[PDB]
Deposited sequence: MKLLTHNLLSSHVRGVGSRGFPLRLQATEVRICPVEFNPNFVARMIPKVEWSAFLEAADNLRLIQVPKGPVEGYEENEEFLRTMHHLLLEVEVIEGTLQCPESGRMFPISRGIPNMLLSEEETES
């Protein structure tokens, strides 16, 4: 499960709480045009807490001024949103406290 997927699953308010026991790095080809069009769509609180839980460092606090032209910000965001895959972990429903397992990178949202 990628952090962009976590973000789509949590969007709309309280986001799904991510926890992981196995996280791996998966190279994805850097597409700056896609990353830049995802930046205004990112729900940043959900993203920051998810990245914090996966023990990720130097996570941008929000979009930079003129991020469309800033490659380093787009590479950082590409990495954090697409290349950090949770393989084993859980997604927790905030209101009920229910845990949804993530196994082999696939979250199970089925009750």
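Student: Which ranges of the deposited chain go unmodelled, in order along the sequence?
Tutor: Sequence ranges with no C-alpha atoms are 13 to 19, 119 to 125.
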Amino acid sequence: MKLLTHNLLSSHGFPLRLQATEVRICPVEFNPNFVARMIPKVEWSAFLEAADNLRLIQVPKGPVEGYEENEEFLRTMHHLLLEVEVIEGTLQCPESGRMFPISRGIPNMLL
From here on, numbers count along this sequence of modelled residues.
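Student: Ordered by C-alpha B-factor within the chain, which third holds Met109? Give me lowest, middle or highest, please.
Tutor: It belongs to the middle third of the chain when residues are ordered by C-alpha B-factor.
Student: Where does the C-alpha B-factor of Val42 rank in its chain, lowest, middle or highest third?
Tutor: Middle third - that is where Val42 ends up once the chain's C-alpha B-factors are sorted.
Student: Lowest, middle or highest third: which one holds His78 when the chain's residues are ordered by CA B-factor from the entry?
Tutor: As the PDB entry reports it, the C-alpha B-factor of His78 lands in the lowest third of its chain.
Student: Looking at the temperature factor on the CA atom of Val64, which third of the chain's modelled residues does it land in?
Tutor: According to the entry, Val64 has a C-alpha B-factor in the chain's highest third.
Student: Hey, what third does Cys26 fall into on Cα B-factor, ranked over its chain?
Tutor: Highest third.
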